[PDB]
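What follows is coords_18.txt (compact mmCIF, C-alpha atoms).
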# COMPACT_ATOMS: atom_id res chain seq x y z
CA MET C 1 78.15 87.07 111.49
CA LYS C 2 77.77 90.30 109.49
CA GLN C 3 79.55 90.61 106.15
CA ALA C 4 80.78 93.87 104.62
CA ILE C 5 82.24 94.90 101.27
CA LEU C 6 84.86 97.65 101.25
CA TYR C 7 85.48 98.78 97.67
CA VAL C 8 88.82 100.52 97.18
CA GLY C 9 89.59 102.52 94.07
CA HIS C 10 92.97 104.14 93.55
CA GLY C 11 91.28 107.55 93.40
CA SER C 12 91.62 110.56 91.14
CA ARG C 13 91.88 114.31 91.46
CA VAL C 14 90.06 114.94 88.17
CA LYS C 15 86.45 115.68 89.15
CA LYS C 16 84.93 113.72 86.26
CA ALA C 17 87.07 110.68 87.08
CA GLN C 18 86.08 110.88 90.76
CA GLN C 19 82.42 110.98 89.73
CA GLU C 20 82.73 108.08 87.29
CA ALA C 21 84.56 105.84 89.77
CA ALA C 22 82.15 106.68 92.59
CA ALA C 23 79.10 106.05 90.38
CA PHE C 24 80.52 102.72 89.18
CA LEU C 25 81.17 101.53 92.73
CA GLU C 26 77.72 102.71 93.86
CA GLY C 27 76.08 100.84 90.99
CA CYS C 28 77.91 97.69 92.04
CA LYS C 29 76.11 97.53 95.41
CA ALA C 30 72.71 96.32 94.16
CA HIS C 31 74.43 93.26 92.63
CA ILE C 32 75.96 92.05 95.93
CA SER C 33 73.81 90.41 98.62
CA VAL C 34 75.77 91.97 101.48
CA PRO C 35 74.15 94.35 104.01
CA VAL C 36 77.17 96.62 104.66
CA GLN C 37 78.92 98.11 101.64
CA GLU C 38 81.24 101.12 101.58
CA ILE C 39 83.36 102.75 98.88
CA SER C 40 86.79 104.23 99.54
CA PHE C 41 89.87 105.42 97.69
CA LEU C 42 93.59 105.12 98.33
CA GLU C 43 94.45 108.69 97.39
CA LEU C 44 93.26 112.09 96.16
CA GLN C 45 89.59 111.32 96.83
CA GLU C 46 87.65 110.46 99.91
CA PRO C 47 86.11 108.49 101.56
CA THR C 48 89.56 107.35 102.53
CA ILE C 49 90.26 103.68 103.15
CA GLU C 50 90.28 104.47 106.88
CA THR C 51 86.86 106.14 106.67
CA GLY C 52 85.24 103.29 104.73
CA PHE C 53 86.76 100.56 106.90
CA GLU C 54 85.64 102.32 110.08
CA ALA C 55 82.17 102.78 108.57
CA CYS C 56 82.02 99.03 107.96
CA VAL C 57 83.02 98.35 111.57
CA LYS C 58 80.60 100.93 113.02
CA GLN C 59 77.73 99.25 111.14
CA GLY C 60 78.57 95.99 112.92
CA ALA C 61 80.64 94.14 110.32
CA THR C 62 82.43 91.06 111.64
CA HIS C 63 83.97 90.24 108.24
CA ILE C 64 85.19 92.81 105.69
CA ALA C 65 85.90 91.84 102.08
CA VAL C 66 88.26 94.49 100.70
CA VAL C 67 88.07 94.52 96.90
CA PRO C 68 90.42 96.79 94.91
CA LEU C 69 89.04 98.36 91.73
CA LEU C 70 92.18 97.80 89.66
CA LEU C 71 92.65 96.47 86.14
CA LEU C 72 96.16 95.11 86.75
CA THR C 73 98.45 93.97 89.57
CA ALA C 74 101.23 96.34 90.64
CA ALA C 75 102.41 98.38 93.63
CA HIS C 76 98.94 99.65 94.56
CA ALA C 77 97.52 96.13 94.91
CA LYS C 78 100.65 94.74 96.57
CA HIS C 79 101.76 97.59 98.83
CA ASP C 80 99.93 100.91 99.20
CA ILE C 81 96.42 99.52 99.68
CA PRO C 82 97.47 96.64 102.01
CA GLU C 83 99.54 99.10 104.06
CA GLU C 84 96.55 101.38 104.61
CA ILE C 85 94.45 98.30 105.40
CA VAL C 86 96.86 97.06 108.07
CA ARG C 87 97.14 100.55 109.57
CA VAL C 88 93.39 100.89 110.06
CA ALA C 89 92.68 97.22 110.85
CA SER C 90 95.23 97.10 113.68
CA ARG C 91 92.65 99.00 115.76
CA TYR C 92 90.00 96.25 115.35
CA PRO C 93 91.77 92.92 115.94
CA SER C 94 88.48 90.96 116.16
CA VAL C 95 87.40 91.82 112.59
CA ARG C 96 88.26 89.25 109.93
CA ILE C 97 89.46 90.65 106.62
CA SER C 98 89.64 89.22 103.13
CA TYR C 99 91.41 91.06 100.32
CA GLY C 100 90.76 90.48 96.64
CA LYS C 101 92.82 90.55 93.47
CA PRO C 102 92.76 93.06 90.61
CA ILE C 103 90.60 92.09 87.65
CA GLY C 104 93.61 90.81 85.73
CA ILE C 105 93.19 88.04 83.16
CA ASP C 106 89.42 87.47 82.91
CA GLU C 107 87.27 86.39 79.95
CA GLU C 108 84.78 89.20 80.65
CA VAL C 109 87.44 91.87 80.18
CA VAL C 110 88.46 90.22 76.90
CA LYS C 111 84.81 90.64 75.92
CA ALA C 112 85.07 94.33 76.81
CA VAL C 113 88.05 94.63 74.44
CA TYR C 114 86.13 92.72 71.75
CA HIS C 115 83.13 95.04 71.99
CA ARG C 116 85.38 98.10 71.83
CA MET C 117 86.73 96.57 68.61
CA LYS C 118 83.21 95.93 67.29
CA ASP C 119 82.13 99.51 68.06
CA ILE C 120 84.33 100.75 65.21
CA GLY C 121 82.15 99.04 62.61
CA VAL C 122 85.04 97.68 60.53
CA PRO C 123 85.51 93.94 59.82
CA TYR C 124 87.83 92.42 62.42
CA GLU C 125 88.33 88.93 60.96
CA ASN C 126 92.07 88.34 60.44
CA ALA C 127 92.79 91.85 61.71
CA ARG C 128 95.66 92.90 63.93
CA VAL C 129 94.87 94.21 67.41
CA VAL C 130 97.29 96.45 69.32
CA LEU C 131 96.48 96.39 73.03
CA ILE C 132 98.01 99.39 74.80
CA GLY C 133 98.44 99.30 78.56
CA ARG C 134 100.04 101.99 80.70
CA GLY C 135 102.94 99.72 81.63
CA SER C 136 104.90 99.30 84.85
CA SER C 137 108.29 98.24 86.13
CA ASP C 138 106.36 95.49 87.95
CA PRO C 139 106.50 92.44 85.63
CA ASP C 140 103.01 91.29 86.66
CA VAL C 141 101.54 94.18 84.66
CA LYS C 142 103.14 93.16 81.36
CA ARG C 143 102.39 89.51 82.14
CA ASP C 144 98.69 90.22 82.66
CA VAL C 145 98.35 92.46 79.60
CA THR C 146 100.00 89.68 77.59
CA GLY C 147 97.57 87.18 79.11
CA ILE C 148 94.62 89.33 78.06
CA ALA C 149 96.09 89.59 74.56
CA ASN C 150 96.44 85.79 74.40
CA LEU C 151 92.87 85.28 75.64
CA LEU C 152 91.61 87.69 72.97
CA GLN C 153 93.67 85.77 70.42
CA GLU C 154 91.95 82.55 71.49
CA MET C 155 88.43 84.00 71.64
CA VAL C 156 88.28 86.18 68.49
CA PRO C 157 89.46 85.22 64.96
CA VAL C 158 91.97 88.05 64.68
CA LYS C 159 95.32 87.79 62.92
CA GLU C 160 97.29 88.59 66.10
CA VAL C 161 97.20 90.67 69.27
CA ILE C 162 100.23 92.81 70.16
CA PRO C 163 100.45 93.92 73.80
CA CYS C 164 102.45 97.11 74.21
CA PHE C 165 102.81 99.91 76.71
CA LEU C 166 102.93 103.66 77.22
CA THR C 167 105.86 103.57 79.65
CA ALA C 168 108.15 101.64 81.99
CA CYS C 169 108.23 98.30 80.15
CA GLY C 170 108.55 97.17 76.56
CA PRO C 171 107.64 97.02 73.86
CA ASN C 172 106.65 100.68 73.73
CA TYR C 173 103.56 101.33 71.63
CA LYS C 174 105.52 103.82 69.52
CA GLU C 175 107.81 100.99 68.34
CA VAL C 176 104.78 98.96 67.24
CA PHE C 177 103.35 102.05 65.55
CA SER C 178 106.63 102.64 63.70
CA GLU C 179 106.47 99.04 62.51
CA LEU C 180 102.88 99.61 61.28
CA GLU C 181 103.57 102.45 58.81
CA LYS C 182 103.45 99.92 55.92
CA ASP C 183 99.81 99.49 54.79
CA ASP C 184 99.79 95.86 53.65
CA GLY C 185 96.00 95.71 53.40
CA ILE C 186 95.70 94.28 56.93
CA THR C 187 93.42 96.17 59.30
CA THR C 188 94.84 97.20 62.68
CA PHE C 189 92.65 98.07 65.66
CA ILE C 190 94.21 100.03 68.52
CA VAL C 191 92.55 99.33 71.87
CA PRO C 192 93.66 101.47 74.85
CA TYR C 193 93.44 99.25 77.93
CA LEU C 194 92.67 102.08 80.34
CA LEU C 195 89.91 102.91 82.81
CA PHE C 196 90.00 106.69 82.22
CA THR C 197 90.92 109.19 79.56
CA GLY C 198 93.60 111.76 80.29
CA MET C 199 97.09 112.76 79.19
CA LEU C 200 98.26 109.36 77.94
CA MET C 201 95.01 108.68 76.08
CA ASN C 202 95.32 112.05 74.37
CA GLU C 203 98.86 111.08 73.40
CA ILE C 204 97.57 107.82 71.90
CA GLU C 205 94.99 109.80 69.91
CA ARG C 206 97.60 112.14 68.43
CA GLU C 207 100.02 109.30 67.66
CA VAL C 208 97.26 107.30 65.94
CA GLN C 209 96.50 110.34 63.78
CA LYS C 210 100.19 110.41 62.82
CA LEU C 211 100.14 106.66 62.09
CA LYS C 212 96.98 106.95 59.98
CA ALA C 213 98.86 109.48 57.86
CA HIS C 214 101.10 106.52 56.88
CA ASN C 215 98.70 103.55 57.11
CA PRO C 216 95.00 104.33 56.55
CA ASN C 217 93.89 100.84 57.69
CA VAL C 218 94.31 101.77 61.37
CA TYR C 219 91.37 102.39 63.69
CA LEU C 220 91.51 103.58 67.30
CA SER C 221 88.75 102.43 69.63
CA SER C 222 87.64 104.27 72.74
CA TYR C 223 89.38 103.27 75.94
CA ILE C 224 87.92 100.33 77.84
CA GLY C 225 86.58 102.40 80.73
CA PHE C 226 83.83 101.06 82.99
CA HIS C 227 82.42 98.84 80.26
CA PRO C 228 79.59 96.46 81.28
CA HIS C 229 81.92 93.48 80.84
CA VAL C 230 84.48 95.18 83.09
CA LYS C 231 81.65 95.45 85.61
CA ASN C 232 80.95 91.72 85.24
CA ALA C 233 84.63 90.92 85.88
CA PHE C 234 84.79 93.22 88.90
CA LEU C 235 81.63 91.68 90.36
CA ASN C 236 83.29 88.29 89.93
CA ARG C 237 86.19 89.63 92.00
CA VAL C 238 83.82 91.00 94.66
CA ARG C 239 81.87 87.75 94.99
CA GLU C 240 84.98 85.58 95.18
CA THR C 241 86.54 87.84 97.82
CA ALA C 242 83.37 87.78 99.93
CA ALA C 243 83.00 84.01 99.57
CA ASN C 244 86.71 83.38 100.30
CA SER C 245 85.74 79.74 100.18
CA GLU C 246 89.25 78.33 100.68
CA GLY C 247 90.72 81.21 102.69
CA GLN C 248 92.82 82.12 99.66
CA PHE C 249 91.94 85.82 100.11
CA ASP C 250 92.72 85.92 103.85
CA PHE C 251 94.48 89.20 104.61
CA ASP C 252 97.73 87.87 106.06
CA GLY C 253 100.37 90.25 107.33
CA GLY C 254 103.85 90.66 105.95
CA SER C 255 105.08 92.05 102.65
CA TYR C 256 103.14 91.16 99.51

Now, as a test, write the supplied structure out as structure tokens.
Amino acid sequence: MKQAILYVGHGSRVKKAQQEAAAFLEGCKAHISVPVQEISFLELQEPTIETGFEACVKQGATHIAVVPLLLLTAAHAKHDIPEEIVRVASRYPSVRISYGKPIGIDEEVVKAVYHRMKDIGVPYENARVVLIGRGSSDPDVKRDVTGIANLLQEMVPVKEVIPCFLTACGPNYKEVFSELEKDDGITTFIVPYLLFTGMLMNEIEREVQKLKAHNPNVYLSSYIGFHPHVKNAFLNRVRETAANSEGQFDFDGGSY
């Protein structure tokens, strides 16, 4: 037996984002006791999935644990990535494949949100938290962001956590913002639940400036990014996919 890890990010065309994702995945390798480890990306950035998978095979891997670097569960985890996996794996029918889950609802990621809150330096006890995800038409995305909000609610003595979204599913973060123009003395933290900055993050920044014009007790944290606790959660995913102790991550054909 020879085990491999194939990390799969979604990929970016922004050079800085490519570099950050690649460096994160590279820094994961020293934490995994597996002799063959390759990084790959679905799109816009190579190594491609095909390249990384074939590299794993060429180095003698009998088992490949494919682990997607994804915060939430949507089309990429269910369709695009598995489709590329089946396309390349069809050529090596003797190689056993396991395929992991996105990070999703994990206590470590809640800790990442908590530390982003703490970084502001404002008391958070009995404060409101507004957790902004990108959003998706896939209901699993809203469900998981809500689960993270509930876990934060259980773990930190905040007043409440409001999951909301930039697009595709409700409630939209602008509706929450419009409802927060009051200023009732309650502090509101805005946590962008995103791996990278970019257009939508810039939009959040501008909208939070507008909101602060109405309600000065509003504080925007930096986006989650590749926080150390995000790394802990992702390493959990990697280890469970490689262990595959019950076969629950077996890469079975058919539509996901």

Interatomic distance, CA of residue 1 (chain C) to CA of residue 48 (chain C) (Å, one decimal) |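 It comes out at 24.9 Å.
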
Of the residues C:106, C:181, C:125, C:203, which is the one nearest to residue 234 (chain C), using only C-alpha atoms?
->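 Under the stated criterion, the closest residue is C:106.
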
Skipping near chain neighbours, those fewer than 2 positions away, what residues fall within 10 Å of residue 146 (chain C) using all atoms listed in the file, listed as a PDB file with C-alpha atoms, keeping the file's coordinate frame?
ATOM      1  CA  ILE C 105      93.190  88.040  83.160  1.00  0.00           C
ATOM      2  CA  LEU C 131      96.480  96.390  73.030  1.00  0.00           C
ATOM      3  CA  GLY C 133      98.440  99.300  78.560  1.00  0.00           C
ATOM      4  CA  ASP C 140     103.010  91.290  86.660  1.00  0.00           C
ATOM      5  CA  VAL C 141     101.540  94.180  84.660  1.00  0.00           C
ATOM      6  CA  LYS C 142     103.140  93.160  81.360  1.00  0.00           C
ATOM      7  CA  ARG C 143     102.390  89.510  82.140  1.00  0.00           C
ATOM      8  CA  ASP C 144      98.690  90.220  82.660  1.00  0.00           C
ATOM      9  CA  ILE C 148      94.620  89.330  78.060  1.00  0.00           C
ATOM     10  CA  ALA C 149      96.090  89.590  74.560  1.00  0.00           C
ATOM     11  CA  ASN C 150      96.440  85.790  74.400  1.00  0.00           C
ATOM     12  CA  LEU C 151      92.870  85.280  75.640  1.00  0.00           C
ATOM     13  CA  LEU C 152      91.610  87.690  72.970  1.00  0.00           C
ATOM     14  CA  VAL C 161      97.200  90.670  69.270  1.00  0.00           C
ATOM     15  CA  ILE C 162     100.230  92.810  70.160  1.00  0.00           C
ATOM     16  CA  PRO C 163     100.450  93.920  73.800  1.00  0.00           C
ATOM     17  CA  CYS C 164     102.450  97.110  74.210  1.00  0.00           C
TER      18      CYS C 164
END

With distances taken over all atoms listed in the file, which of C:47, C:60, C:135, C:228 is nearest to residue 72 (chain C)?
-> C:135

Would you kindly return, as a list in words, each protein, DNA or RNA residue with an atom no farther than 10 Å from any atom of residue 208 (chain C), considering only C-alpha atoms and excluding same-chain residues fewer than 6 positions away?
->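 So, after excluding close chain neighbours, the residues are residues 174, 177, 190, 202, 214, 215, 218, 219 and 220 of chain C.
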
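With only C-alpha atoms as the atoms that count, the residue of C:107, C:124, C:61, C:129 with the shortest distance to residue 147 (chain C) is C:107.
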